[PDB]
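Novice: Input: one structure, supplied below.
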Amino acid sequence: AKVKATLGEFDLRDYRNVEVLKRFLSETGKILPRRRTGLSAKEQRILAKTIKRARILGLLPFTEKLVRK
Amino acid sequence: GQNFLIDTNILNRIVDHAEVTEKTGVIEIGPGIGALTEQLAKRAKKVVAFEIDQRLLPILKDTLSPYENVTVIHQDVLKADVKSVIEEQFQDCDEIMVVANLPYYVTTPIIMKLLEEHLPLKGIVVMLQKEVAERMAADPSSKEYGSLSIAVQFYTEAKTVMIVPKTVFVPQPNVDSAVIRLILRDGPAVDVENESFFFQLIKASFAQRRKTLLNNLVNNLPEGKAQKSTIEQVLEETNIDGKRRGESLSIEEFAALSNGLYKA
Amino acid sequence: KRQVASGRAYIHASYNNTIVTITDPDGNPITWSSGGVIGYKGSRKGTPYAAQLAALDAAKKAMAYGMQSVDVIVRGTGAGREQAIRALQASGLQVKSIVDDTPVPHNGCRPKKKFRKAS
Amino acid sequence: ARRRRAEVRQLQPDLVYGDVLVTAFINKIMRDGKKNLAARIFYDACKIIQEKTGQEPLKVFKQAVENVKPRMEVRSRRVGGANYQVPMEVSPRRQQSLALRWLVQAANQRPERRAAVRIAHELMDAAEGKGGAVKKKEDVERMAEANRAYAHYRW
RNA sequence: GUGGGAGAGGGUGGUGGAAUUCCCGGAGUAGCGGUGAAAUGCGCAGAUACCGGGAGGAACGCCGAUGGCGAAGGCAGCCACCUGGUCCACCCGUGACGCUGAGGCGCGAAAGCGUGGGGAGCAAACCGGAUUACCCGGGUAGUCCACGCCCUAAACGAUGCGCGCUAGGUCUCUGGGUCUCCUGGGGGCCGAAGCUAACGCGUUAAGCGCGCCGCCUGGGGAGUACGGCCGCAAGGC
């Protein structure tokens with residue numbers, strides 16, 4: 001199930017819509033590929049830009065630790 | 001077993017190049033299989049074989065029945081003193097030669113250290129690679145020039161006696177083999193204050209070859225590391241040496257430079 | 001000696017060796033164990049069996065300090081991560097969570113000759 | 001074999017006891033096709049067992065056999081030009097094969113002059129829990145899982 | 001011209017985190033590290049695991065693409081400024097104002113070099129170890145910046161540029177419209193006609209044509225010799 005599917009209506013250039021932004025990051029603080037997100041490249045590119053910008057703001061994690069062996 | 005030469009023709013030619021006669025004496029380094037030893041002993045007054053290989057010696061030793069001049073000494077030439085050999089085994093023939101067809105990674109340091117050992121012998125003829133042969137026998141302003149040529153310039157004037165095809169060697173080396181001759185000079189080619197200091201200078205000059213003489217001597221020299229602030233007078237002490245390199249200069253130039261260095 | 005009653009066990013699982021260190025929440029290392037202290041040398045230092053023995057040894061020598069529960073984070077990509085973790089959890093200390101915290105560069109320093117040629 | 005899986009020969013059970021393992025021991029004693037001699041020597045050994053030990057000799061035989069059946073063995077392995085005595089599980093077939101072979105080999109090592117004496121003494125000693133066969137079994141077992149590091153090579 | 005679009009195109013300042021290496025502490029016991037297996041090496045002056053604080057340099061993990069930009073060489077964190085190229089739509093202005101281009105001028109990966117800075121990591125040369133009678137431990141220039149040289153490559157699509165005509169199918173990037181689809185531009189894979197010695201190319205031609213430029217005339221000798229020009233030199237034409 002693509003991450004896009006389990007979502008409604010939002011804006012991508014909004015680098016403060018933090019709650020939706022946690023969705024597009026994996027179990028680790030990594031940006032999910034197009035296979036998981038379910039967007040077009042343009043959307044993926046702009047989303048990655050926004051994600052990095054938010055990371056700079058400290059609203060999002062650069063990296064995390066995964067609860068698994 | 002390394003690449004072993006199997007040609008009687010080129011072996012005859014090389015042993016001729018060695019001038020192995022009745023008067024001529026032979027030092028054998030790494031007798032090995034015993035083809036070179038075969039071609040040497042029959043025309044040599046006394047052959048002294050040095051080797052440290054475990055079993056390459058006593059097997060060959062069996063074949064040494066017809067030869068009466070085969071005084072094989074089992075030891076490492078580098079580790080073991082050779083001074084005593086001159087007195088003990090050259091009573092038959094005062095003339096000295098060193099002949100080798102060994103691998104070069106052992107041969108070249110052996111030759112260097114033998115020359116360092118300061119044993120006065122007439123000459124040496126060894127088998128080496130084409131590139132290193134060019135490196136030793138080199139002229140000024142050459143890509144094949146370096147510190148090795150400078151080192152061998154004190155001891156001998158060299159020339160590759162006979163270029164060797166790769167075919168003669170069992171496994172074939174990719175690069176052509178070229179046998180050189182090293183016949184010891186009467187004495188030092190050019191005088192110097194200190195030999196060790198001269199060597200340090202030549203190392204410093206050719207450390208970073210491409211850079212200018214000045215840039216080499218600034219950073220390469222340890223005493224240069226001490227007198228980095230003082231290199232001004234070092235520039236002053238230079239005579240008719242402008243913006244220059246190492247390769248540009250010759251033996252006499254470097255000798256005069258060293259003699260000037262002592263006066264700093 | 002300390003009796004924190006709740007610490008954390010670090011598992012440094014390299015290729016050549018596995019290291020297990022148990023420590024308090026304050027990061028103060030109470031003790032440690034490795035494949036080397038068991039007596040294994042050379043190649044067999046990083047074997048999964050060595051990882052098992054190291055985990056058990058660390059657990060045993062930690063029980064003396066009264067440790068009962070730990071929260072483990074594993075480091076390195078060595079062959080014996082799974083073996084070490086299973087041995088540790090089956091030693092007598094109730095692990096709360098199992099986590100990895102393997103350090104990965106963000107294309108920083110230039111690596112060794114062998115580890116180069118990254119896709 | 002490359003193709004098949006070499007179906008196991010079903011030994012005809014002995015007539016005295018109606019047991020296949022007795023036949024296996026008989027065959028293992030056998031040399032130069034002397035079936036009669038092996039049978040007679042085994043039955044002699046059974047006479048010693050009966051005379052010295054109360055219960056039926058077949059019980060002693062089975063007790064000793066299951067006493068010697070190993071569980072871990074090493075197989076020389078070729079990984080990176082080095083020999084590894086990789087511990088491996090042994091199948092029941094191989095278990096019984098090794099047990100019978102070890103029992104017979106150990107029984108001969110005894111200094112006693114007669115064969116039946118040797119067989120009976122070794123077998124009863126193995127039933128006790130000691131002797132040569134049990135020693136060899138223990139040696140084999142401890143040699144395995146002494147280097148269980150290499151056991152990651154599953155084969 | 002007007003109205004929009006995408007982009008690691010370039011230059012200048014600013015600063016975000018993860019590593020790596022050192023320094024300062026707290027705790028910590030005997031190894032750490034390394035290999036096909038080992039040795040060198042580090043560690044009782046308490047190493048390696050690990051917690052915290054600080055310094056410094058270099059490079060930007062996922063996104064990431066068989067993707068995009070540029071005339072090539074090349075260009076990946078993020079922010080802002082100054083700029084280069086390009087696509088579509090409206091058909092609004094001009095009236096042939098165009099194509100190519102000997103010399104000239106400029107740009108030109110990496111490695112070298114001069115004059116000054118910087119140096120975390122890697123690492124020519126070099127110091128060690130060892131075995132298969134390459135590989136592991138250290139380390140200099142160099143890789144980093146400013147200015148000035150050098151002008152070389154499998155600098156390759158081994159395919160010069162511009163324009164026109166000649167079946168389609170499929171996957172992508174980016175626009176526009178009336179939006180199952182039409183219509184442009186860019187990047188791949190099959191394949192009509194055709195071409196080729198063959199492999200193969202095929203609307204991004206190696207097809208059918210036109211214009212201009214640059215080269216080829218058997219293999220070595222030889223990119224050598226002499227002469228000339230350009231560089232501090234190595235060297236380049």
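Note on naming: chains are A, B, ... as they come in the structure tokens, residues start from 1 per chain, ligands start from 1 in the order shown.
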Hey, list the chain A side of the contact with chain C: 10 Å cut-off, only C-alpha atoms, answer as a list in words.

Specialist: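 Applying the cut-off to the listed atoms yields residues 63, 64, 65, 66, 67, 68 and 69 of chain A.
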
Novice: Keeping N, CA and C atoms for every residue in the selection just given, could you write it to a file as a CSV table (one decimal), in the first residue's frame?

Specialist:
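Output below, filename again-v2.csv:
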chain,number,residue,atom,x,y,z
A,63,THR,N,18.4,11.0,10.6
A,63,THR,CA,18.5,9.6,10.7
A,63,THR,C,17.9,9.2,12.1
A,64,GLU,N,17.5,7.9,12.2
A,64,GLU,CA,17.0,7.3,13.4
A,64,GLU,C,17.5,5.9,13.6
A,65,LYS,N,17.1,5.2,14.6
A,65,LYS,CA,17.4,3.9,15.0
A,65,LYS,C,16.2,3.0,14.9
A,66,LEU,N,16.4,1.8,14.3
A,66,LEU,CA,15.3,0.9,14.0
A,66,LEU,C,15.2,-0.2,15.1
A,67,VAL,N,13.9,-0.5,15.5
A,67,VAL,CA,13.6,-1.4,16.6
A,67,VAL,C,13.5,-2.8,16.0
A,68,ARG,N,14.7,-3.4,15.7
A,68,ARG,CA,14.7,-4.8,15.1
A,68,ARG,C,16.1,-5.3,15.3
A,69,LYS,N,16.3,-6.7,15.2
A,69,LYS,CA,17.5,-7.4,15.3
A,69,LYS,C,18.2,-7.4,13.9

Novice: Applying 12 Å and only C-alpha atoms (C1' of nucleotides), which residues near residue 110 of chain D remain after dropping the ones on its own chain fewer than 6 positions away? List them as a short mmCIF file (atom, residue, chain, number, x, y, z; two decimals) with N, CA and C atoms, in the first residue's frame.

Specialist:
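Output (selection-v4.cif):
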data_model
loop_
_atom_site.label_atom_id
_atom_site.label_comp_id
_atom_site.auth_asym_id
_atom_site.auth_seq_id
_atom_site.Cartn_x
_atom_site.Cartn_y
_atom_site.Cartn_z
N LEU D 103 32.56 -51.57 17.99
CA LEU D 103 32.48 -52.66 18.94
C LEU D 103 33.40 -53.80 18.52
N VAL D 104 33.34 -54.17 17.24
CA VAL D 104 34.09 -55.30 16.72
C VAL D 104 35.59 -54.98 16.71
N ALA D 116 36.03 -65.41 21.57
CA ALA D 116 34.75 -65.36 22.27
C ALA D 116 34.89 -64.60 23.59
N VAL D 117 35.99 -64.86 24.30
CA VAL D 117 36.30 -64.19 25.56
C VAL D 117 36.36 -62.68 25.31
N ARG D 118 37.08 -62.28 24.26
CA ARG D 118 37.26 -60.87 23.91
C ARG D 118 35.92 -60.22 23.60
N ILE D 119 35.11 -60.88 22.75
CA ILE D 119 33.82 -60.34 22.32
C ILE D 119 32.92 -60.14 23.54
N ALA D 120 32.80 -61.18 24.37
CA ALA D 120 31.91 -61.16 25.52
C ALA D 120 32.33 -60.08 26.51
N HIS D 121 33.63 -60.01 26.82
CA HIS D 121 34.14 -59.06 27.80
C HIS D 121 33.96 -57.63 27.32
N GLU D 122 34.30 -57.36 26.05
CA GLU D 122 34.19 -56.02 25.49
C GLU D 122 32.73 -55.58 25.47
N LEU D 123 31.84 -56.49 25.06
CA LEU D 123 30.43 -56.17 24.92
C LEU D 123 29.82 -55.88 26.29
N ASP D 125 31.42 -54.95 28.99
CA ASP D 125 32.06 -53.74 29.51
C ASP D 125 31.40 -52.50 28.90
N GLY D 131 35.10 -49.09 28.61
CA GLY D 131 35.85 -49.96 27.72
C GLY D 131 36.53 -49.18 26.60
N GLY D 132 36.83 -49.89 25.50
CA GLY D 132 37.52 -49.33 24.35
C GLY D 132 36.56 -48.65 23.38
N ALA D 133 35.44 -49.33 23.09
CA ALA D 133 34.43 -48.86 22.16
C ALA D 133 33.81 -47.56 22.66
#

Novice: Could you give me, as number ranges by chain, each residue of segment 20-99 of chain D that DSSP assigns to strand (DSSP E or B) when run on this structure's backbone?

Specialist: D: 72-79, 82-89

Novice: I need the chosen residues saved as a tab-separated table (two decimals), in the first residue's frame, with N, CA and C atoms.

Specialist:
chain	number	residue	atom	x	y	z
D	72	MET	N	27.48	-37.15	17.24
D	72	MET	CA	28.25	-36.11	16.57
D	72	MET	C	29.56	-36.69	16.03
D	73	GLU	N	29.86	-36.35	14.77
D	73	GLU	CA	31.09	-36.75	14.11
D	73	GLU	C	31.65	-35.57	13.31
D	74	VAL	N	32.94	-35.65	12.97
D	74	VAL	CA	33.61	-34.64	12.17
D	74	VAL	C	33.83	-35.17	10.75
D	75	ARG	N	33.68	-34.29	9.76
D	75	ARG	CA	33.96	-34.60	8.37
D	75	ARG	C	34.91	-33.55	7.82
D	76	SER	N	36.07	-34.00	7.31
D	76	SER	CA	37.09	-33.11	6.78
D	76	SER	C	36.54	-32.31	5.61
D	77	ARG	N	36.74	-30.99	5.67
D	77	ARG	CA	36.11	-30.04	4.75
D	77	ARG	C	37.18	-29.21	4.05
D	78	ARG	N	36.88	-28.82	2.80
D	78	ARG	CA	37.79	-28.05	1.97
D	78	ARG	C	37.22	-26.65	1.74
D	79	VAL	N	37.62	-25.71	2.60
D	79	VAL	CA	37.24	-24.31	2.46
D	79	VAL	C	38.50	-23.45	2.54
D	82	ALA	N	42.00	-25.06	3.38
D	82	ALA	CA	42.23	-25.44	4.77
D	82	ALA	C	41.26	-26.56	5.16
D	83	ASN	N	41.74	-27.48	6.01
D	83	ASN	CA	40.97	-28.63	6.45
D	83	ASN	C	40.20	-28.26	7.72
D	84	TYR	N	38.88	-28.49	7.68
D	84	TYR	CA	38.00	-28.19	8.80
D	84	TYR	C	37.25	-29.45	9.22
D	85	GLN	N	37.41	-29.82	10.50
D	85	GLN	CA	36.74	-30.98	11.07
D	85	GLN	C	35.33	-30.58	11.49
D	86	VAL	N	34.48	-30.33	10.49
D	86	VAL	CA	33.17	-29.76	10.69
D	86	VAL	C	32.27	-30.79	11.39
D	87	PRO	N	31.78	-30.50	12.62
D	87	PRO	CA	30.82	-31.37	13.29
D	87	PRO	C	29.52	-31.48	12.50
D	88	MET	N	28.99	-32.71	12.42
D	88	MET	CA	27.76	-33.00	11.70
D	88	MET	C	26.98	-34.08	12.45
D	89	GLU	N	25.64	-34.02	12.32
D	89	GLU	CA	24.75	-35.03	12.85
D	89	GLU	C	24.91	-36.32	12.05

Novice: Set the cut-off to 10 Å and count only C-alpha atoms (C1' of nucleotides): what are the residues of chain E that reach chain B? Output as number ranges by chain.

Specialist: E: 112-114, 125-126, 133, 140-141, 232-234

Novice: Please, could you write that set of residues out with N, CA, C and O atoms (P, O5', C5', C4', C3', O3' and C1' of nucleotides) as a PDB file, in the first residue's frame?

Specialist:
ATOM      1  P     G E 112      50.255  14.606  -9.106  1.00  0.00           P
ATOM      2  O5'   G E 112      51.552  14.998  -9.979  1.00  0.00           O
ATOM      3  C5'   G E 112      51.974  16.381  -9.989  1.00  0.00           C
ATOM      4  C4'   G E 112      52.830  16.641 -11.202  1.00  0.00           C
ATOM      5  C3'   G E 112      53.450  18.041 -11.277  1.00  0.00           C
ATOM      6  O3'   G E 112      54.689  18.108 -10.588  1.00  0.00           O
ATOM      7  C1'   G E 112      52.235  17.659 -13.232  1.00  0.00           C
ATOM      8  P     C E 113      54.770  18.864  -9.180  1.00  0.00           P
ATOM      9  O5'   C E 113      55.643  20.153  -9.512  1.00  0.00           O
ATOM     10  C5'   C E 113      56.342  20.273 -10.765  1.00  0.00           C
ATOM     11  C4'   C E 113      56.193  21.664 -11.322  1.00  0.00           C
ATOM     12  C3'   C E 113      56.092  22.778 -10.293  1.00  0.00           C
ATOM     13  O3'   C E 113      57.363  23.167  -9.794  1.00  0.00           O
ATOM     14  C1'   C E 113      54.492  23.107 -12.015  1.00  0.00           C
ATOM     15  P     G E 114      57.478  23.781  -8.322  1.00  0.00           P
ATOM     16  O5'   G E 114      57.239  25.360  -8.536  1.00  0.00           O
ATOM     17  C5'   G E 114      58.161  26.095  -9.376  1.00  0.00           C
ATOM     18  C4'   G E 114      57.646  27.499  -9.557  1.00  0.00           C
ATOM     19  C3'   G E 114      57.230  28.239  -8.279  1.00  0.00           C
ATOM     20  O3'   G E 114      58.349  28.789  -7.591  1.00  0.00           O
ATOM     21  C1'   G E 114      55.560  28.496  -9.941  1.00  0.00           C
ATOM     22  P     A E 125      54.568   3.272  -4.907  1.00  0.00           P
ATOM     23  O5'   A E 125      55.860   4.199  -4.775  1.00  0.00           O
ATOM     24  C5'   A E 125      56.673   4.516  -5.923  1.00  0.00           C
ATOM     25  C4'   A E 125      57.643   5.628  -5.601  1.00  0.00           C
ATOM     26  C3'   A E 125      58.663   5.330  -4.508  1.00  0.00           C
ATOM     27  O3'   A E 125      59.774   4.564  -4.963  1.00  0.00           O
ATOM     28  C1'   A E 125      57.701   7.441  -4.100  1.00  0.00           C
ATOM     29  P     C E 126      60.189   3.210  -4.200  1.00  0.00           P
ATOM     30  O5'   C E 126      60.344   3.671  -2.681  1.00  0.00           O
ATOM     31  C5'   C E 126      61.429   4.523  -2.259  1.00  0.00           C
ATOM     32  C4'   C E 126      61.212   4.999  -0.841  1.00  0.00           C
ATOM     33  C3'   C E 126      61.193   3.919   0.230  1.00  0.00           C
ATOM     34  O3'   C E 126      62.507   3.552   0.646  1.00  0.00           O
ATOM     35  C1'   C E 126      59.373   5.395   0.568  1.00  0.00           C
ATOM     36  P     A E 133      55.172 -16.713  -1.741  1.00  0.00           P
ATOM     37  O5'   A E 133      56.716 -17.080  -1.587  1.00  0.00           O
ATOM     38  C5'   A E 133      57.156 -18.121  -0.689  1.00  0.00           C
ATOM     39  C4'   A E 133      58.330 -18.876  -1.277  1.00  0.00           C
ATOM     40  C3'   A E 133      58.515 -18.778  -2.792  1.00  0.00           C
ATOM     41  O3'   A E 133      59.902 -18.782  -3.124  1.00  0.00           O
ATOM     42  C1'   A E 133      58.114 -21.031  -2.196  1.00  0.00           C
ATOM     43  P     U E 140      52.551  11.831   6.009  1.00  0.00           P
ATOM     44  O5'   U E 140      53.571  12.198   4.840  1.00  0.00           O
ATOM     45  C5'   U E 140      54.805  12.887   5.118  1.00  0.00           C
ATOM     46  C4'   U E 140      55.600  13.098   3.850  1.00  0.00           C
ATOM     47  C3'   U E 140      54.898  13.846   2.725  1.00  0.00           C
ATOM     48  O3'   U E 140      54.920  15.261   2.887  1.00  0.00           O
ATOM     49  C1'   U E 140      55.935  11.914   1.846  1.00  0.00           C
ATOM     50  P     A E 141      53.583  16.116   2.633  1.00  0.00           P
ATOM     51  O5'   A E 141      53.575  16.306   1.050  1.00  0.00           O
ATOM     52  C5'   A E 141      54.468  17.239   0.410  1.00  0.00           C
ATOM     53  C4'   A E 141      54.806  16.786  -0.990  1.00  0.00           C
ATOM     54  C3'   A E 141      53.741  17.032  -2.053  1.00  0.00           C
ATOM     55  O3'   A E 141      53.797  18.359  -2.565  1.00  0.00           O
ATOM     56  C1'   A E 141      54.600  14.835  -2.280  1.00  0.00           C
ATOM     57  P     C E 232      57.779  29.930 -18.953  1.00  0.00           P
ATOM     58  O5'   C E 232      59.069  28.994 -18.971  1.00  0.00           O
ATOM     59  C5'   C E 232      60.333  29.446 -18.450  1.00  0.00           C
ATOM     60  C4'   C E 232      60.843  28.483 -17.404  1.00  0.00           C
ATOM     61  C3'   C E 232      60.751  27.004 -17.759  1.00  0.00           C
ATOM     62  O3'   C E 232      61.902  26.594 -18.497  1.00  0.00           O
ATOM     63  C1'   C E 232      59.949  27.366 -15.545  1.00  0.00           C
ATOM     64  P     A E 233      61.768  25.791 -19.896  1.00  0.00           P
ATOM     65  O5'   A E 233      61.680  24.267 -19.435  1.00  0.00           O
ATOM     66  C5'   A E 233      62.774  23.643 -18.735  1.00  0.00           C
ATOM     67  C4'   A E 233      62.255  22.625 -17.750  1.00  0.00           C
ATOM     68  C3'   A E 233      61.497  21.448 -18.355  1.00  0.00           C
ATOM     69  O3'   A E 233      62.400  20.396 -18.671  1.00  0.00           O
ATOM     70  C1'   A E 233      60.231  22.395 -16.588  1.00  0.00           C
ATOM     71  P     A E 234      62.277  19.628 -20.068  1.00  0.00           P
ATOM     72  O5'   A E 234      61.280  18.432 -19.735  1.00  0.00           O
ATOM     73  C5'   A E 234      61.589  17.478 -18.702  1.00  0.00           C
ATOM     74  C4'   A E 234      60.327  16.828 -18.191  1.00  0.00           C
ATOM     75  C3'   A E 234      59.373  16.292 -19.253  1.00  0.00           C
ATOM     76  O3'   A E 234      59.722  14.996 -19.714  1.00  0.00           O
ATOM     77  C1'   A E 234      58.162  17.618 -17.727  1.00  0.00           C
TER      78        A E 234
END

Novice: Residues within 8 Å of segment 18-34 of chain B, please, as an MDAnalysis selection string. Count only C-alpha atoms (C1' of nucleotides); anything in the same chain fewer than 3 positions from it doesn't count.

Specialist: chainID B and resid 14:15 37:38 40 43:52 56:57 60 77 90 93:100 102 125

Novice: Restricting the output to N, CA and C atoms, write the selected residues as a short mmCIF file (atom, residue, chain, number, x, y, z; two decimals), in the first residue's frame.

Specialist:
data_model
loop_
_atom_site.label_atom_id
_atom_site.label_comp_id
_atom_site.auth_asym_id
_atom_site.auth_seq_id
_atom_site.Cartn_x
_atom_site.Cartn_y
_atom_site.Cartn_z
N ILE B 14 77.14 -14.45 -22.74
CA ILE B 14 77.19 -13.71 -21.48
C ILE B 14 78.45 -14.09 -20.71
N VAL B 15 78.80 -15.38 -20.71
CA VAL B 15 79.99 -15.84 -19.99
C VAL B 15 81.25 -15.35 -20.71
N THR B 37 76.65 -21.58 -13.54
CA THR B 37 77.76 -22.17 -12.82
C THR B 37 78.50 -23.17 -13.71
N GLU B 38 77.74 -23.93 -14.51
CA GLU B 38 78.32 -24.86 -15.47
C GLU B 38 79.24 -24.11 -16.43
N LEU B 40 80.57 -21.24 -16.13
CA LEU B 40 81.58 -20.41 -15.48
C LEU B 40 82.74 -21.25 -14.96
N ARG B 43 85.80 -22.58 -17.07
CA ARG B 43 86.75 -21.57 -17.52
C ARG B 43 87.25 -20.71 -16.35
N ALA B 44 86.86 -21.04 -15.11
CA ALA B 44 87.24 -20.25 -13.95
C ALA B 44 88.27 -21.00 -13.11
N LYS B 45 89.18 -20.24 -12.47
CA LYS B 45 90.22 -20.82 -11.64
C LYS B 45 89.63 -21.24 -10.29
N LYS B 46 88.70 -20.44 -9.76
CA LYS B 46 88.04 -20.73 -8.50
C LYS B 46 86.67 -20.06 -8.45
N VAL B 47 85.63 -20.88 -8.25
CA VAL B 47 84.25 -20.41 -8.15
C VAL B 47 83.78 -20.58 -6.71
N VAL B 48 83.35 -19.46 -6.11
CA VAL B 48 82.78 -19.47 -4.77
C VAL B 48 81.29 -19.14 -4.89
N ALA B 49 80.45 -20.11 -4.51
CA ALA B 49 79.01 -20.00 -4.65
C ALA B 49 78.38 -19.63 -3.31
N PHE B 50 77.58 -18.55 -3.32
CA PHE B 50 76.82 -18.11 -2.16
C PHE B 50 75.33 -18.29 -2.43
N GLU B 51 74.65 -19.00 -1.52
CA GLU B 51 73.21 -19.21 -1.60
C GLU B 51 72.67 -19.56 -0.22
N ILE B 52 71.39 -19.22 0.00
CA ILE B 52 70.70 -19.47 1.26
C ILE B 52 69.47 -20.35 1.03
N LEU B 56 68.08 -26.00 -3.16
CA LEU B 56 68.57 -25.61 -4.48
C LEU B 56 70.09 -25.74 -4.56
N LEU B 57 70.75 -25.78 -3.38
CA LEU B 57 72.19 -25.92 -3.26
C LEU B 57 72.62 -27.39 -3.32
N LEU B 60 72.16 -29.36 -6.79
CA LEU B 60 73.20 -28.90 -7.69
C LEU B 60 74.56 -29.46 -7.26
N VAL B 77 74.71 -13.75 1.17
CA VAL B 77 75.76 -12.81 0.82
C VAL B 77 75.58 -11.49 1.58
N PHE B 90 90.77 -16.62 -3.01
CA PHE B 90 91.34 -15.96 -4.18
C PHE B 90 92.87 -16.08 -4.23
N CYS B 93 93.54 -17.13 -7.68
CA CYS B 93 93.33 -16.12 -8.70
C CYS B 93 92.83 -14.83 -8.06
N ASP B 94 93.70 -13.81 -8.06
CA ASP B 94 93.46 -12.54 -7.39
C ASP B 94 92.34 -11.76 -8.09
N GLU B 95 92.15 -12.01 -9.39
CA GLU B 95 91.12 -11.35 -10.18
C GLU B 95 89.74 -11.75 -9.65
N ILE B 96 88.82 -10.77 -9.61
CA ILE B 96 87.50 -10.94 -9.03
C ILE B 96 86.43 -10.57 -10.06
N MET B 97 85.42 -11.44 -10.19
CA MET B 97 84.20 -11.17 -10.94
C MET B 97 82.99 -11.66 -10.15
N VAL B 98 81.85 -10.97 -10.33
CA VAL B 98 80.57 -11.38 -9.78
C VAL B 98 79.57 -11.49 -10.93
N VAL B 99 78.97 -12.67 -11.07
CA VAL B 99 78.03 -12.96 -12.15
C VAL B 99 76.73 -13.49 -11.53
N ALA B 100 75.59 -12.97 -12.01
CA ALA B 100 74.29 -13.35 -11.49
C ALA B 100 73.22 -13.27 -12.58
N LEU B 102 69.91 -14.02 -11.35
CA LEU B 102 68.85 -14.24 -10.38
C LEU B 102 67.67 -13.30 -10.65
N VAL B 125 79.10 -8.34 -13.41
CA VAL B 125 78.15 -8.44 -14.51
C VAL B 125 76.91 -9.19 -14.03
#
